[PDB]
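A.B. asks: Let me begin by handing over the structure; questions about it come next.
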Amino acid sequence: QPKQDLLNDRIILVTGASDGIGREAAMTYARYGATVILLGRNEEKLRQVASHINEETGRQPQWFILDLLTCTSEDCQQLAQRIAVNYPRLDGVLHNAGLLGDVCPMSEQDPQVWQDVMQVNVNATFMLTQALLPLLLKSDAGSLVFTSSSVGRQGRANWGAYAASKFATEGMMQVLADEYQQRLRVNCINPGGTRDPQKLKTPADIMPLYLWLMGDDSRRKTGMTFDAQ
Amino acid sequence: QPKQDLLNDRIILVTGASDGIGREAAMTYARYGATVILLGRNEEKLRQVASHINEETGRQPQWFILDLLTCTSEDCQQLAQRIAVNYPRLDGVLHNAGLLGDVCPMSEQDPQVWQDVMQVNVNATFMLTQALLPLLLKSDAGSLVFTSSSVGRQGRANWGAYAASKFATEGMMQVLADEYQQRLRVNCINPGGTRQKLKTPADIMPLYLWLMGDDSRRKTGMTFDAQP
């Protein structure tokens, strides 16, 4: 599909960058020319992913530490302040950080795990969004992408807090898209089943959508949720 | 529609029972024969609502204190124990408690208010549901009703935490309906704008009555608008 320089001169921040889909997305964005900013809780994990992208790409991403389970609104503003000293805008923010929590009936759901899933997937993702909006408004056409799931649109047995949180994520995305008509592109990606493990798709397999949402080919698309597979 | 003894011998718990829609739902259910249990955060207000329902109906609801803003899972479990001492089952639970929070752009939403809205409307509403499930399963046909909103189906500018929380509520309702198919009726009610060209709580009662009475027995997993 996309040309190899699709994301030249796009600065894109990726949360949950240290492993899984986040790690693939950061690497993929860099491969396609982006200046990537990695966000995660583990500095040694982040440094390792940055080194790999540099070896593979020749340019080394910066990383910043944030723990969504515990971060405050103050921590997010300070993170945004640190970014802004190094970077003039954010062209993209990919919210790929998340907690799955318990997969079990509602009667069995652990209430602290429930609280933790809502804190990471909803509340912290919101506070981080709020902190980063000014930088995103500095883009020619900033793009904000949340991670959803099939159970964010149709609740199913056993999916408890994760489902509740992904519904909330669809709602948050919709409110934002309505507030930022013209000004920001705000959408969700549903990556689907990525991780019978040999039957599933690899993060690499689902990347085209992640690329599309950050490149110019999706320029006036907002308020939608997209299925990666 | 419906007969005046619709809810005779139905035991129905109403949260947020001490004002607005909750207070009207409690009263309506009592008028229609139900044994009502009121839940709220403030004793003085609940007692006043109970007394008024007794005056108007002739039977006095019991009340229990729970503050969804600060309650723990243990608090909900203890509440459920206290209810079980006094009652053999719950035929209905109406989750009417809620916090609206800020109505303003996402960039201006107060993060503390945001967290409080999610804690009341989602976390504590789930924790309370969890504690009351055994009682509801003891009904012949227990009915669990959440409160939603038009902005729990389509997000709109300025509705911030409320919207996120009501999407979460539609999601929680859908998971529960899937888990309890054939065992519990689990649905949402969107009361619409209420409280001069707006409707009163009294005006929107038909749906609240319908979901607790036998006419809705086969209906689960759905979200209903009180004002179509």
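Just so we're on the same page: first chain in the structure tokens is A, next is B, and so on; residues restart at 1 for each chain, and ligands are numbered from 1 in the order they show up.
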Go through chain A residue by residue and, counting only C-alpha atoms, keep those with an atom at most 10 Å from chain B; for each kept residue give the shortest atom pair and its distance in Å to one decimal, ordered by chain and increasing number, as CSV.

C.D. replies:
```
residue,atom,partner,partner_atom,distance
A:72,CA,B:111,CA,9.0
A:73,CA,B:111,CA,6.9
A:105,CA,B:179,CA,7.1
A:106,CA,B:130,CA,6.9
A:107,CA,B:130,CA,5.6
A:108,CA,B:130,CA,8.3
A:109,CA,B:130,CA,8.5
A:110,CA,B:127,CA,9.4
A:111,CA,B:127,CA,6.8
A:112,CA,B:73,CA,8.8
A:114,CA,B:123,CA,7.4
A:115,CA,B:123,CA,6.6
A:118,CA,B:123,CA,8.2
A:119,CA,B:115,CA,8.5
A:122,CA,B:164,CA,8.3
A:123,CA,B:115,CA,6.5
A:124,CA,B:111,CA,9.3
A:126,CA,B:111,CA,8.4
A:127,CA,B:111,CA,6.7
A:129,CA,B:107,CA,8.7
A:130,CA,B:107,CA,5.6
A:131,CA,B:107,CA,8.3
A:132,CA,B:107,CA,9.7
A:133,CA,B:107,CA,7.4
A:134,CA,B:107,CA,9.1
A:151,CA,B:171,CA,8.0
A:152,CA,B:171,CA,7.1
A:153,CA,B:171,CA,7.6
A:154,CA,B:174,CA,7.1
A:155,CA,B:175,CA,4.6
A:156,CA,B:175,CA,4.6
A:157,CA,B:179,CA,4.9
A:158,CA,B:175,CA,7.1
A:159,CA,B:175,CA,6.9
A:160,CA,B:175,CA,6.7
A:161,CA,B:172,CA,7.9
A:162,CA,B:171,CA,9.5
A:163,CA,B:171,CA,6.1
A:164,CA,B:168,CA,4.5
A:165,CA,B:168,CA,6.2
A:166,CA,B:168,CA,7.6
A:167,CA,B:168,CA,5.2
A:168,CA,B:164,CA,4.4
A:169,CA,B:164,CA,6.9
A:170,CA,B:167,CA,7.7
A:171,CA,B:164,CA,5.0
A:172,CA,B:164,CA,5.4
A:173,CA,B:155,CA,7.8
A:174,CA,B:155,CA,4.8
A:175,CA,B:155,CA,4.7
A:176,CA,B:157,CA,6.9
A:177,CA,B:157,CA,8.1
A:178,CA,B:157,CA,5.3
A:179,CA,B:157,CA,4.9
A:180,CA,B:157,CA,8.7
A:181,CA,B:157,CA,10.0
A:223,CA,B:155,CA,9.6
```

A.B. asks: Name the residues in contact with stretch 20-37 of chain A at a cut-off of 9 Å, using only C-alpha atoms, excluding same-chain residues fewer than 5 positions from it; report them as a PyMOL selection string.

C.D. replies: chain A and resi 2-15+49-50+52-54+56-57+59-64+83+94-97+191+194-195+202-204+207+210-211+214

A.B. asks: Selected residues, N, CA and C atoms, written as a CSV table (one decimal), in the first residue's frame, please.

C.D. replies:
```
chain,number,residue,atom,x,y,z
A,2,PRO,N,0.8,2.0,1.1
A,2,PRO,CA,1.3,3.3,1.2
A,2,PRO,C,2.8,3.5,0.8
A,3,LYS,N,3.1,4.6,0.3
A,3,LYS,CA,4.5,4.9,0.0
A,3,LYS,C,5.4,4.9,1.2
A,4,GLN,N,6.6,4.6,1.0
A,4,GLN,CA,7.6,4.4,2.2
A,4,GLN,C,7.9,5.7,3.0
A,5,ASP,N,7.6,6.8,2.4
A,5,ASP,CA,7.8,8.1,3.1
A,5,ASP,C,6.5,8.7,3.6
A,6,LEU,N,5.4,7.9,3.7
A,6,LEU,CA,4.1,8.3,4.1
A,6,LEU,C,4.2,9.3,5.3
A,7,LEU,N,5.0,9.0,6.3
A,7,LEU,CA,5.0,9.7,7.6
A,7,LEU,C,6.2,10.6,7.8
A,8,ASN,N,6.9,10.9,6.7
A,8,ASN,CA,8.0,11.9,6.9
A,8,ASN,C,7.5,13.2,7.5
A,9,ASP,N,8.3,13.7,8.5
A,9,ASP,CA,7.9,15.0,9.1
A,9,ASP,C,6.6,15.0,9.9
A,10,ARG,N,6.2,13.8,10.3
A,10,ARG,CA,5.1,13.6,11.3
A,10,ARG,C,5.7,13.2,12.6
A,11,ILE,N,5.4,13.9,13.6
A,11,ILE,CA,5.8,13.5,15.0
A,11,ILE,C,4.6,12.8,15.6
A,12,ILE,N,4.9,11.6,16.1
A,12,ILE,CA,3.8,10.7,16.6
A,12,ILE,C,4.2,10.0,17.9
A,13,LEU,N,3.3,10.2,18.9
A,13,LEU,CA,3.5,9.7,20.2
A,13,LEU,C,2.7,8.4,20.3
A,14,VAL,N,3.4,7.3,20.8
A,14,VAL,CA,2.8,6.0,20.9
A,14,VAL,C,2.8,5.6,22.4
A,15,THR,N,1.6,5.3,23.0
A,15,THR,CA,1.6,4.8,24.4
A,15,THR,C,1.6,3.3,24.3
A,49,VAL,N,13.4,-0.8,23.0
A,49,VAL,CA,12.6,-0.6,21.8
A,49,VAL,C,13.2,0.5,21.0
A,50,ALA,N,13.6,1.6,21.6
A,50,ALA,CA,14.2,2.7,20.9
A,50,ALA,C,15.5,2.3,20.2
A,52,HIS,N,16.4,-0.8,19.2
A,52,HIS,CA,15.9,-1.6,18.0
A,52,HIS,C,15.4,-0.7,16.9
A,53,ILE,N,14.6,0.3,17.1
A,53,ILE,CA,14.2,1.2,16.0
A,53,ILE,C,15.3,2.0,15.3
A,54,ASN,N,16.3,2.4,16.2
A,54,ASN,CA,17.4,3.1,15.6
A,54,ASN,C,18.3,2.2,14.7
A,56,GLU,N,17.4,-0.4,13.2
A,56,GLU,CA,16.6,-0.8,12.1
A,56,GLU,C,16.3,0.4,11.2
A,57,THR,N,16.4,1.6,11.7
A,57,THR,CA,15.9,2.8,11.0
A,57,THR,C,16.9,3.9,10.8
A,59,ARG,N,17.4,6.3,13.0
A,59,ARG,CA,17.0,7.5,13.9
A,59,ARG,C,16.4,6.9,15.2
A,60,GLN,N,16.9,7.5,16.3
A,60,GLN,CA,16.5,7.0,17.6
A,60,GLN,C,15.4,7.8,18.2
A,61,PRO,N,14.3,7.1,18.5
A,61,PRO,CA,13.1,7.7,19.2
A,61,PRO,C,13.5,8.1,20.6
A,62,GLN,N,12.9,9.2,21.1
A,62,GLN,CA,13.0,9.5,22.5
A,62,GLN,C,11.9,8.8,23.2
A,63,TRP,N,12.1,8.5,24.5
A,63,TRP,CA,11.0,7.9,25.3
A,63,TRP,C,10.8,8.7,26.5
A,64,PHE,N,9.6,8.6,27.1
A,64,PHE,CA,9.2,9.2,28.3
A,64,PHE,C,8.4,8.2,29.1
A,83,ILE,N,7.6,17.1,26.7
A,83,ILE,CA,7.5,16.9,25.3
A,83,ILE,C,7.7,18.2,24.5
A,94,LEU,N,-1.2,7.9,19.4
A,94,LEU,CA,-1.8,6.6,19.4
A,94,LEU,C,-1.9,6.1,20.9
A,95,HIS,N,-3.2,6.0,21.3
A,95,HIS,CA,-3.4,5.4,22.7
A,95,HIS,C,-3.5,3.9,22.6
A,96,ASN,N,-2.4,3.2,22.8
A,96,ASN,CA,-2.4,1.8,22.7
A,96,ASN,C,-2.2,1.1,24.1
A,97,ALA,N,-2.0,1.9,25.1
A,97,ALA,CA,-1.8,1.4,26.5
A,97,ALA,C,-3.2,0.9,26.9
A,191,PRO,N,-8.2,-3.6,16.9
A,191,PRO,CA,-7.2,-4.5,16.3
A,191,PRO,C,-7.7,-5.9,16.1
A,194,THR,N,-5.2,-10.6,18.1
A,194,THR,CA,-3.8,-10.6,17.7
A,194,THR,C,-3.0,-11.5,18.5
A,195,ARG,N,-3.4,-11.5,19.8
A,195,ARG,CA,-2.7,-12.3,20.8
A,195,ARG,C,-3.6,-12.8,21.9
A,202,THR,N,-0.7,-11.5,13.4
A,202,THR,CA,0.4,-10.9,14.1
A,202,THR,C,0.1,-9.4,14.1
A,203,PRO,N,0.7,-8.7,15.1
A,203,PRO,CA,0.6,-7.2,15.0
A,203,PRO,C,1.1,-6.7,13.7
A,204,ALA,N,2.1,-7.2,13.1
A,204,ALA,CA,2.5,-6.8,11.8
A,204,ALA,C,1.4,-6.8,10.8
A,207,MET,N,-1.1,-3.8,10.8
A,207,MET,CA,-0.5,-2.5,10.7
A,207,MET,C,-1.0,-1.5,9.6
A,210,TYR,N,-3.2,1.1,11.1
A,210,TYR,CA,-2.5,2.0,12.0
A,210,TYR,C,-1.8,3.1,11.1
A,211,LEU,N,-1.2,2.6,10.0
A,211,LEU,CA,-0.5,3.6,9.1
A,211,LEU,C,-1.5,4.5,8.4
A,214,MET,N,-2.7,7.6,10.4
A,214,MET,CA,-1.7,8.6,10.7
A,214,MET,C,-1.2,9.3,9.5
```

A.B. asks: Tell me, in Å to one decimal, how far atom CA of residue B:59 is from atom CA of residue B:146.

C.D. replies: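 One can read the atom CA of residue B:59 to atom CA of residue B:146 distance as 25.8 Å.
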
A.B. asks: Find, counting only C-alpha atoms, the residue in A:200, A:212, A:38, A:219 that gets nearest to residue A:140.

C.D. replies: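 Residue with the minimum atom-to-atom distance to residue A:140: A:219.
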
A.B. asks: What separation in Å, quoted to one decimal, exists between atom CA of residue B:203 and atom CA of residue B:35?

C.D. replies: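 Atom CA of residue B:35 lies at a distance of 22.0 Å from atom CA of residue B:203.
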
A.B. asks: Output as a ChimeraX atom specification all residues of stretch 12-44 of chain A that backbone DSSP marks as alpha helix (DSSP H).

C.D. replies: /A:20-31,43-44

A.B. asks: What lies within 9 Å of residue B:30 using only C-alpha atoms, ignoring chain neighbours under 4 positions off, as an mmCIF file with N, CA and C atoms, in the first residue's frame?

C.D. replies:
```
data_model
loop_
_atom_site.group_PDB
_atom_site.id
_atom_site.type_symbol
_atom_site.label_atom_id
_atom_site.label_comp_id
_atom_site.auth_asym_id
_atom_site.auth_seq_id
_atom_site.Cartn_x
_atom_site.Cartn_y
_atom_site.Cartn_z
ATOM 1 N N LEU B 7 -47.667 -4.618 40.741
ATOM 2 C CA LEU B 7 -46.446 -5.023 41.407
ATOM 3 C C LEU B 7 -46.720 -5.582 42.790
ATOM 4 N N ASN B 8 -47.942 -6.036 43.045
ATOM 5 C CA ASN B 8 -48.158 -6.681 44.310
ATOM 6 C C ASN B 8 -47.230 -7.880 44.481
ATOM 7 N N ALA B 25 -40.015 7.103 41.208
ATOM 8 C CA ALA B 25 -40.060 5.661 40.919
ATOM 9 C C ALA B 25 -40.450 4.902 42.180
ATOM 10 N N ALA B 26 -39.794 5.207 43.303
ATOM 11 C CA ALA B 26 -40.173 4.567 44.574
ATOM 12 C C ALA B 26 -41.667 4.725 44.858
ATOM 13 N N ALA B 34 -45.959 -2.702 45.142
ATOM 14 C CA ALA B 34 -44.634 -3.231 45.440
ATOM 15 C C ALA B 34 -44.225 -2.967 46.881
ATOM 16 N N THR B 35 -43.439 -3.881 47.426
ATOM 17 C CA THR B 35 -42.663 -3.631 48.625
ATOM 18 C C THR B 35 -41.374 -2.938 48.198
ATOM 19 N N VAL B 36 -41.238 -1.659 48.531
ATOM 20 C CA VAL B 36 -40.105 -0.891 48.038
ATOM 21 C C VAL B 36 -39.013 -0.779 49.087
ATOM 22 N N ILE B 53 -44.305 8.167 51.313
ATOM 23 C CA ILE B 53 -44.869 6.991 50.646
ATOM 24 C C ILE B 53 -45.859 6.224 51.513
ATOM 25 N N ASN B 54 -45.574 6.151 52.813
ATOM 26 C CA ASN B 54 -46.519 5.582 53.756
ATOM 27 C C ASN B 54 -47.809 6.396 53.805
ATOM 28 N N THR B 57 -49.501 5.938 50.540
ATOM 29 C CA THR B 57 -49.792 4.557 50.134
ATOM 30 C C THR B 57 -50.311 3.667 51.239
ATOM 31 N N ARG B 59 -48.246 1.839 53.243
ATOM 32 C CA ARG B 59 -47.178 0.928 53.652
ATOM 33 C C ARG B 59 -45.845 1.668 53.618
ATOM 34 N N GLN B 60 -45.023 1.480 54.646
ATOM 35 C CA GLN B 60 -43.776 2.231 54.748
ATOM 36 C C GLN B 60 -42.555 1.451 54.244
ATOM 37 N N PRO B 61 -41.892 1.971 53.207
ATOM 38 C CA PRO B 61 -40.678 1.343 52.704
ATOM 39 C C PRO B 61 -39.574 1.355 53.768
#
```

A.B. asks: Can you tell me, as a ChimeraX atom specification, which residues in stretch 93-220 of chain B count as strand (DSSP E) by DSSP?

C.D. replies: /B:93-94,143-147,185-190

A.B. asks: Could you write out the selected residues, including N, CA, C and O atoms, as a short mmCIF file (atom, residue, chain, number, x, y, z; two decimals), in the first residue's frame?

C.D. replies:
```cif
data_model
loop_
_atom_site.label_atom_id
_atom_site.label_comp_id
_atom_site.auth_asym_id
_atom_site.auth_seq_id
_atom_site.Cartn_x
_atom_site.Cartn_y
_atom_site.Cartn_z
N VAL B 93 -34.23 -4.35 40.79
CA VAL B 93 -33.27 -3.33 41.21
C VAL B 93 -33.26 -2.26 40.15
O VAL B 93 -32.95 -2.54 38.98
N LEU B 94 -33.58 -1.04 40.58
CA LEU B 94 -33.50 0.15 39.74
C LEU B 94 -32.33 1.02 40.13
O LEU B 94 -32.31 1.63 41.20
N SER B 143 -35.61 -8.43 37.74
CA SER B 143 -35.40 -7.38 36.74
C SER B 143 -34.40 -6.33 37.23
O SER B 143 -34.60 -5.68 38.30
N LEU B 144 -33.32 -6.15 36.48
CA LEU B 144 -32.23 -5.23 36.82
C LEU B 144 -32.22 -4.12 35.77
O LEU B 144 -32.13 -4.39 34.58
N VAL B 145 -32.36 -2.88 36.21
CA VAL B 145 -32.51 -1.74 35.29
C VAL B 145 -31.43 -0.71 35.64
O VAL B 145 -31.34 -0.27 36.79
N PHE B 146 -30.67 -0.32 34.62
CA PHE B 146 -29.71 0.77 34.71
C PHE B 146 -30.28 2.04 34.09
O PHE B 146 -31.17 2.00 33.23
N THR B 147 -29.75 3.17 34.52
CA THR B 147 -30.12 4.45 33.94
C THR B 147 -29.10 4.88 32.91
O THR B 147 -27.90 4.93 33.21
N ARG B 185 -33.76 -10.33 33.64
CA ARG B 185 -34.02 -9.31 32.63
C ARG B 185 -33.05 -8.18 32.99
O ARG B 185 -33.06 -7.74 34.14
N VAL B 186 -32.21 -7.74 32.05
CA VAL B 186 -31.24 -6.63 32.31
C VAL B 186 -31.39 -5.65 31.17
O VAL B 186 -31.21 -6.01 30.00
N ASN B 187 -31.75 -4.40 31.51
CA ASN B 187 -32.07 -3.38 30.51
C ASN B 187 -31.68 -2.01 31.00
O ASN B 187 -31.42 -1.85 32.19
N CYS B 188 -31.62 -1.03 30.10
CA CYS B 188 -31.40 0.36 30.47
C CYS B 188 -32.66 1.16 30.20
O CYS B 188 -33.39 0.83 29.25
N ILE B 189 -32.87 2.24 30.99
CA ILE B 189 -33.87 3.25 30.67
C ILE B 189 -33.16 4.60 30.47
O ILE B 189 -32.35 5.00 31.31
N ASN B 190 -33.44 5.26 29.36
CA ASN B 190 -33.01 6.64 29.11
C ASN B 190 -34.20 7.53 29.42
O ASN B 190 -35.16 7.56 28.65
#
```

A.B. asks: What does the structure give for the distance between atom CA of residue B:89 and atom CA of residue B:219, in Å to one decimal?

C.D. replies: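 These two atoms are separated by 20.4 Å.
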
A.B. asks: May I ask which of the residues A:125, A:113, A:17, A:91 is the closest one to residue A:138, counting only C-alpha atoms?

C.D. replies: A:91

A.B. asks: Using only C-alpha atoms, which of A:16, A:142, A:208, A:88 sits nearest residue A:40?

C.D. replies: A:16

A.B. asks: Do you know which residues are at most 9 Å from stretch 206-209 of chain B counting only C-alpha atoms, after dropping those on the same chain fewer than 2 positions away, and could you put them as a VMD selection string?

C.D. replies: chain B and resid 1 to 2 6 to 7 25 28 to 29 32 94 145 189 191 202 to 204 211 to 213 224 to 226

A.B. asks: Have a look at B:201, B:193, B:20, B:92 and name the one nearest to residue B:37; count only C-alpha atoms.

C.D. replies: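 Among the listed residues, the smallest separation from residue B:37 belongs to B:92.
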